[PDB]
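Protein chains in written order, with PDB author numbering: chain R, 71 to 209; chain C, 315 to 368; chain F, 301 to 397; chain V, 239 to 289; chain B, 280 to 349; chain Z, 12 to 389; chain S, 152 to 205; chain X, 107 to 250; chain D, 1 to 9, 40 to 70.
Where a beta carbon is used, it is the ideal one built from N, C-alpha and C, also for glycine.
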Amino acid sequence: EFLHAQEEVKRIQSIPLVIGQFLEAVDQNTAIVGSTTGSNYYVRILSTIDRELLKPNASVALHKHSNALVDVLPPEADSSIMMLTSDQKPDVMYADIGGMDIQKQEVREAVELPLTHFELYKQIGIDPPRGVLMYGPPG
Amino acid sequence: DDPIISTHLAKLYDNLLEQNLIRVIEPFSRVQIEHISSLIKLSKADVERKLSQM
Amino acid sequence: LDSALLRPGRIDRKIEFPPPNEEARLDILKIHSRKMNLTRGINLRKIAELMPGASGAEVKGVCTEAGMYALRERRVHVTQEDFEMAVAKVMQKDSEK
Amino acid sequence: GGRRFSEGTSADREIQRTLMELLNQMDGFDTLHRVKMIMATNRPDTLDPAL
Amino acid sequence: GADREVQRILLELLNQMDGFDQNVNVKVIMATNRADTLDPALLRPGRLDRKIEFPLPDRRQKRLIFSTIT
Amino acid sequence: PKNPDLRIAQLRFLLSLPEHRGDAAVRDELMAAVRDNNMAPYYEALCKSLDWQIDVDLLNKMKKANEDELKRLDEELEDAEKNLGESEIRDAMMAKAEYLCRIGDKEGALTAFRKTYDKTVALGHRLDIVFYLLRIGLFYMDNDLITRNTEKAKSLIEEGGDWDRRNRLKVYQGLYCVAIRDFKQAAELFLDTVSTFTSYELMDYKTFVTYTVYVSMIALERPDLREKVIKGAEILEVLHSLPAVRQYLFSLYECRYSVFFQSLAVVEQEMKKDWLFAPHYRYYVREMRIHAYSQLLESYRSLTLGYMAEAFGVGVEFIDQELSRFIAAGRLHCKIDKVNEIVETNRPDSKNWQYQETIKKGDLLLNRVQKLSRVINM
Amino acid sequence: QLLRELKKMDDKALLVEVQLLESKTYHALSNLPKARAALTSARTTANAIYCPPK
Amino acid sequence: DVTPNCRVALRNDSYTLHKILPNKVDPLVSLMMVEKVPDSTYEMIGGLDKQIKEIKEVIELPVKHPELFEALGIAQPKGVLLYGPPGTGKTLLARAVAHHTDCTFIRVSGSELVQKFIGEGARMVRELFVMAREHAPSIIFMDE
Amino acid sequence: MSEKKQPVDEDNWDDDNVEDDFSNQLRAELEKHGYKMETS
Ligand SMILES: Nc1ncnc2c1ncn2[C@@H]1O[C@H](COP(=O)(O)OP(=O)(O)OP(O)(O)=S)[C@@H](O)[C@H]1O
């Protein structure tokens, strides 16, 4: 009885899913999501969802009429395409830049170097920065 | 012309010994030291000592 | 600032912050050095008595650039050479505007 | 075009974002090819130095 | 309504800029020609820490740029 | 004021357990006891030392001076609640209550620590209190009250990456690991030897060097051993200072199979009369013996006592009984022959050591869960 | 005899030269930590000039 | 239990209140997170103890003992001015002492983000006092 | 409760196994080395 009841629950998705984003949760089996229709809703949830898959901020599948939490989405929703993916490189080499040694070296140690030698910072106690800012006259 | 050839001669020797020892051994396991003494082109005293160190 | 703000019945206390002295920079250095990976046998008073009366902000910069100088050597501890070169770096930046 | 401001009127914001759209997509990462751009005005004194 | 959206964009940017994990390796590089029209709420320790300027070159850098490009 | 406090428990160990060694210890125990105004921690040792013929006035004047120093602070508290600083009462008499607790027993500890702990919001004072707990729990060898705030301190450590508390607790957990039979942890905690501040528990940095070599000559075999203590330099200079430290290092790395028990005789006779090795020196010796016998027996398979008598030492029957017990102890598998004068080795010893530790831990874990699962339901 | 003459004035690029040659000669005359310290003084000396181009 | 500024669940047909919702906004705290000053304490200001004593006597002493002032019968103080070269501890001392005396630190300098969190941005600057009456042990701090 | 009817009446243990190996023979084994270095 129980397994067929479990799968009779599963008629909910099937092809009209709309994408909200997870915002908050009251408690067990009750959450708060805000749709991409601008507004914000107090919804109920399905007992299907593994609760590890939520509660930072996840694109989540909502029902149309009932407007309730149904499903979790994999990470998605373009970063203007995504991450250039194969070949959209500017084709500029190292020696093409001429005489910028302090600045190239500093940008290297600020960006490229913590990308790899992550555990040296944890041992020396440096606290490598989060964001870096460049500026200067145009040209 | 090097300032220290103790490093280079002695330590590169201390490497190049087993760089030869991987040559002379890689064919076969049950190897006799008295015929490998000719292939290594060395007396067998430091062969026994240095290979025990290896 | 305004003279109308400087009516003596207006502000209750006026509190001076001098630039730090040798002992003051020594205390600042012994606070900001407490997060790094230092080494025994280091003389901090030499480092404080090479500063030209620096600010309370710049000694933290000395500690961070000392960490950077230890980092570029692929080393894990920080010795006094990195501190002295950081002193040189900050006193070179002191002539920037 | 404009030049630049200390953000006087709120309408000038959108012009500056439009001009930065131009400045980005004339240089960018995906460089252009063959798109020759003819530009004409009366007084280039009022133009943005970034342009 | 034109500035309220940019305003909440800055708010969301700051709020997801702050608490990654202090362990999620995501480096953020930003660059503008103008370093004057910046609300200093960005330029705080933790958010945008290092400041790098690209000034006009000088004699040795002119020589190096000449030797490279030419 | 618990910085010179370690030599006290040092002499507590050093006096009573060797029988004939009972004069210089009680001499400078008096020389440390009738100053600092020490009253409480020595009633057991007072019943271990002599009668101390006049206990009447010579100590009661001291505890009366203690009462004056105590309730001058306990009547300074009303003068410090007049101007509430950072609870200047509790901030003043926290370290002076640890002065009183250097006088007193651990009751002043267990109430003054948890008293002043919830005072501060600056965690450096909390860290100092945790140091105080670790030290006094080491003094009474209370190896269970300290393991709580080891973890509760490492929670207060690891909000990021620091200098102070990381290296300090490296030293502290290193001494706790060398207290118990834990040797690879002791080597890993004593890995640093670079920023280990000349301390009160590091009463000599040289003694710290002797400890970190006396456990690193056990812990690992050779895949960092030459690189740390031989190819290193910062350890090499201070082991170049003492002869006896460098002696056993270059002996065992040189494999001088007769000077080993000379070096070990000196180090072991010091190991007898040294604290925090008292249930430890016995297994230490056979550990060094099997660790030398491993690197001996590894090279050769055609070897015997006829090779032992000239390169190792004498007493062929001693070699016989020692290797007999150590081989029949399930250790260093190699088979020995009688008068045909043959000691043959088993060339891999990696068949049942594979199967070994899993059954040897499953035994204890199943024996745990037997009783502890039958604890519930009556 | 000469560093007292040099640091009394302003000039810095000559301190580079004398400390550099002293880092050579103490390595030559086999004093390794003193060569380290004399090199370190040059290391912190060389980070104070806009143009040490060679 | 209907507090001002608290999220409630609203049914959709009749528009009836369904349930009170947790996780209130905390706009003062959100503004504080927007500002993001360095949170400091006593032990990282080492070398300026006399100024510490001054700010003790002028801020910690009104809060912990108002009736000392009211017994001696003068005006309890209300203003502190800090000067010196820029970069000598002008911020950490104020933030730290305000943290130890348990006061809600507030740094309103010049943004319009702040002008949205405090009020609606309409007319003036005094609404910070409206948000300061609700968290009454609080201190206001500023730059140049 | 549990009156247990009466008509009738690491740190310690692994190295006590090892000490049972050490107990009857060679307790403070340091001198027998120096005793037997000159015997044979
Ligand atoms: N007492 C101190 N000891 C050591 N470093 C300090 C001390 N006070 C501040 N610092 C550091 O110096 C930096 C600048 O000091 P602040 O307290 O921020 O003064 P300030 O903000 O520079 O004053 P301004 O620039 O005129 S608003 C801080 O971010 C700290 O890293």
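Residues of the region 203–227 of chain Z with Cβ closer than 8 Å to any Cβ of chain F, in chain order: 205, 206, 207, 208, 209, 216
Contact residues within the region 172–200 of chain Z, judged by C-beta distance below 9 Å to chain G: You won't find chain G in this structure, because its protein chains are R, C, F, V, B, Z, S, X and D.
Alpha-carbon to alpha-carbon, residue 111/R and residue 377/Z: 52 Å
Within 8 Å of chain D by C-beta, residues of the region 321–343 of chain Z in sequence order: 324, 325, 326, 327, 329, 336, 340
Residue 356/Z: first and last residue of the uninterrupted beta strand (DSSP E) it sits in: 354–356
Option nearest residue 230/Z by Cα separation, candidates 155/Z, 195/Z, 373/Z: 195/Z
Start and end residues, alpha helix (DSSP H) containing residue 335/C: 326–339
Nearest residue (CA-CA) to residue 193/X, options 310/F, 329/F, 358/F, 331/F: 358/F
Listed by chain order, chain B residues near residue 251/V by CB distance under 8 Å: 281, 282, 285
Residue 140/R, enclosing beta strand (DSSP E) - first and last residue: 139–142
Straight-line gap, residue 21/Z to residue 211/X (C-alpha atoms, nearest Å): 51 Å
Distance CB(residue 167/Z)-CB(residue 134/Z) smaller than 7 Å: yes
Contact set for residue 119/Z: own chain, Cβ-Cβ below 7 Å, skip 5 residues either direction: 108, 111, 112
Contact list for residue 127/X against chain R, beta-carbon separation under 9 Å: 94, 96, 102, 112
Per-residue contacts from residue 240/Z into chain X (C-beta, under 8 Å): Going along chain X, no residue has its Cβ under 8 Å from residue 240/Z, so there is no contact; the nearest lies around 38 Å.
Beta-carbon spacing of residue 25/Z, residue 35/Z below 7 Å: no
Extent of the continuous alpha helix (DSSP H) to which residue 123/Z belongs: 117–128
C-beta neighbour in chain S for residue 389/F, strict 7 Å: yes
Contact with chain F by residue 241/R, beta-carbon distance below 7 Å: The structure shown does not extend to residue 241/R, since chain R is modelled only from 71 to 209, so the question has no answer here.
Cutoff 7 Å: residue 243/V Cβ touching any chain R Cβ: no
For residue 92/R: DSSP bridge partner residues: 103/R
Partner residues on chain B for residue 142/X, Cβ-Cβ distance less than 9 Å: 293, 297, 320, 323, 324, 325, 326
Range covered by the alpha helix (DSSP H) that runs through residue 345/Z: First-last for residue 345/Z: 345–347, but that is the beta strand (DSSP E), not the alpha helix (DSSP H).
Exposure label - residue 216/X; buried when at least 16 CB within 10 Å: exposed
Cross-strand partners of residue 208/X (DSSP beta bridge): Residue 208/X pairs with nothing; no bridge assigned.
Backbone CA spacing between residue 170/S and residue 150/R [nearest angstrom]: 57 Å
Same chain, Cβ closer than 8 Å to residue 269/V, neighbours up to 5 away in sequence not counted: none
Nearest-angstrom Cβ-Cβ length linking residue 204/Z and residue 246/Z, presumed shorter than 8 Å: 6 Å
Contact list for the region 347–375 of chain F against chain R, Cβ threshold 9 Å: 364, 367, 368, 370, 371, 372, 374, 375
Expected contact under 8 Å - CB spacing of residue 387/F and residue 331/F to nearest Å: Between residue 331/F and residue 387/F the Cβ distance is about 17 Å, and since that is not below 8 Å, they are no contact.
Proximity winner among 348/B, 344/B, 324/B, 308/B, relative to residue 205/R (alpha-carbon distances): 308/B
Residues from the region 151–167 of chain X in contact with chain F, defined by Cβ distance under 8 Å: 152, 153, 154, 157, 160, 161, 164
heavy atom of ligand 1 below 6 Å from residue 19/Z C-beta: no
With 16 other Cβ atoms within 10 Å as the buried cut-off, status of residue 16/Z: buried
Nearest-angstrom Cβ-Cβ length linking residue 198/X and residue 151/X, presumed shorter than 8 Å: 6 Å
Chain B within 7 Å of residue 278/V, Cβ atoms only: no
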